[PDB]
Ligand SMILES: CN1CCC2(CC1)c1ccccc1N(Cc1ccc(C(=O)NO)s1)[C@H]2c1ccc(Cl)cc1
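Next up: just one chain, as structure tokens, the form deposited without the ligand.
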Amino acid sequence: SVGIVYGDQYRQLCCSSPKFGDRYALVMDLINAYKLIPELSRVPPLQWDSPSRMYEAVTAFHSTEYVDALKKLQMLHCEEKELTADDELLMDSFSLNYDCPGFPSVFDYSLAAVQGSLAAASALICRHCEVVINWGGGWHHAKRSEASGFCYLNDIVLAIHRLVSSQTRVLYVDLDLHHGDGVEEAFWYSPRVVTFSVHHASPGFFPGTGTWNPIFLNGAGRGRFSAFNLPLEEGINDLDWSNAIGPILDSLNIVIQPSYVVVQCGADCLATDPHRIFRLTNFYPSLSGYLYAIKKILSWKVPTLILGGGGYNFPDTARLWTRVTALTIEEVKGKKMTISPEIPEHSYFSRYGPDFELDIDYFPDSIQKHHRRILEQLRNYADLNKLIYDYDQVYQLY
């Protein structure tokens, strides 16, 4: 079956941040308005038997002092008076500031995404679901002891950690506009989690990594060659983006043969995202790069975790993720999902004005070098990890 993470409290928590507002509610209500929920198995967010069990789950990746600091930040923001200078300095030392501010629910909000993605991972492990979707998750920037890019807790690293420790290999695929640095870094020394991020990179653009460093770094120790990156120039469309990553996806699957796939599907590559950097769509006839990638990944028939991420045009993120959700049901259950080109009436209908259609409102050799580089890296990866692959069969894809 296809699972999806939601619950009433979950919804409230995912909608309590100053940066992403009610986006999750738009997403889940658009999915509901298109009658997709009856097709889906609800996956309840994980809860724990005690504070100690919660901490040992979260400190599987994050340091105890960082988790303490985040929890204290929440408490401090549930009080009237300003932070002391000592508290400011403490928060600064974990980058809990600037673009990662405190707010009254910052800990519960962050933890919620972890609860969802851990429950999603468990539903895959026990084989209750073939695919699980968590649109409240996908926070790929958070580090062991540092908030970054409005990511406070890295639900992806924790979910992946549960998957590998269940021999097991995980392929992580990061489609967000931004480099998934936090996930990449977490598994930098681990060959069993192969990470692949496609993203914009350019001087001064956040977070700075996932590109020429001059050479391409790609893992260390036994994890050498296990971190893959494809940095792309601004302005790329659905077709060029698809052609850029399609051969890479297929070759990674063939060579790695992952036991699980985890996909971060941040929607900030949409042409209508305020970043205005890539020109991807949610079109399903030209064809959305997102839907192309997901369809390709689901065709592998590997247990899969699909996560959200970036996406700052909320109704258009809803439009895309509603389509990813329908496509997942169709590919997994083999049952056609017809989605009306018009937005159905529902609680958030007015947010989709003024045209109220499902399509986003938009009218549409460097890469060849990157493919050779990535092919060579995949070869070094296989060599280092003694994996058997048809070098030709892989080379033909490109």
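Counting begins at 1, following the sequence as shown.
Enquirer: Output yes if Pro258 is unmodelled in at least a third of the other compared entries of this protein, no if it is modelled in all of them.
Expert: Looking at the other entries that model residues on either side of it, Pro258 is present in every one.
Enquirer: With neighbours modelled on both sides, does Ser286 go without coordinates in a third or more of the other PDB entries compared?
Expert: Yes, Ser286 lacks coordinates in at least a third of the other compared entries.
Enquirer: Between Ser166 and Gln167, what class does the number of missing deposited residues fall in: none, 1 to 3, 4 to 9, or 10 or more?
Expert: According to the record, 4 to 9 deposited residues lack coordinates from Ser166 to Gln167.
Enquirer: Classify the number of deposited-sequence residues missing from the model between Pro364 and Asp365: none, 1 to 3, 4 to 9, or 10 or more.
Expert: The entry has a gap there, with 4 to 9 residues left out between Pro364 and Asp365.
Enquirer: Mean CA B-factor: is it higher for 129-137 or for 96-104?
Expert: Higher of the two, by average CA B-factor, is 96-104.
Enquirer: Mean CA temperature factor from the deposited coordinates, higher in 242-250 or in 146-154?
Expert: Averaging CA B-factors over each stretch, the winner is 242-250.
Enquirer: Which of these, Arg319, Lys295, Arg279, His200, has its C-alpha atom at the highest B-factor, as the entry lists it?
Expert: Answer for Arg319, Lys295, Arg279, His200: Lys295, with the highest C-alpha B-factor.
Enquirer: Per the entry's Cα B factor values, which of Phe356, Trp48, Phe61, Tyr55 stands out as the maximum?
Expert: Reading the PDB entry, the winner on C-alpha B-factor is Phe356.
Enquirer: Based on the deposited C-alpha B factors for this chain, I'd like to know if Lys71 is in the lowest, middle or highest third.
Expert: Lowest third of the chain for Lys71's C-alpha B-factor.
Enquirer: Quick check on the deposited entry: does the C-alpha B-factor of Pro258 sit in the lowest, middle or highest third of its chain?
Expert: It belongs to the highest third of the chain when residues are ordered by C-alpha B-factor.
Enquirer: Taking the chain's C-alpha temperature factors as the reference, tell me which third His179 falls into: lowest, middle or highest.
Expert: According to the entry, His179 has a C-alpha B-factor in the chain's lowest third.
Enquirer: Please say which third, lowest, middle or highest, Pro214 falls into when its CA temperature factor is compared across its chain.
Expert: Its C-alpha B-factor belongs to the highest third of this chain's values.
Enquirer: Which third of the chain holds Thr328 when residues are ordered by C-alpha B factor: lowest, middle or highest?
Expert: Its C-alpha B-factor belongs to the highest third of this chain's values.
If you look for the form deposited with the ligand bound, you will not find it shown, but the lines that follow are about it.
Enquirer: Any chance all of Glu185, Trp188 and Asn229 sit within 4.5 Å of the ligand in the entry with it bound, going by non-hydrogen atoms?
Expert: Affirmative, all three are within 4.5 Å.
Enquirer: Let me know the one among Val164, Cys78, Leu287, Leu217 whose heavy atoms come within 4.5 Å of the ligand in the entry with it bound, would you?
Expert: Contact check passes for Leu217.
Enquirer: State the residue from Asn253, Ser242, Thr211, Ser105 whose non-hydrogen atoms include one within 4.5 Å of the ligand in the entry with it bound.
Expert: Partner contact (heavy atom, 4.5 Å) among the options: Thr211.
Enquirer: I'd like to know whether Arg323 contacts the ligand in the entry with it bound, with contact meaning heavy atoms within 4.5 angstroms.
Expert: No - in the entry with it bound, heavy atoms of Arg323 and the ligand never come within 4.5 Å of each other.
Enquirer: Under a 4.5 Å heavy atom criterion, is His179 part of the interface with the ligand in the entry with it bound?
Expert: Yes, contact at 4.5 Å.
Enquirer: Name the stretch: of 84-92, 233-241, 112-120, 202-210, exactly one has residues whose heavy atoms fall within 4.5 Å of the ligand in the entry with it bound.
Expert: Going through the listed ranges, the match is 202-210.
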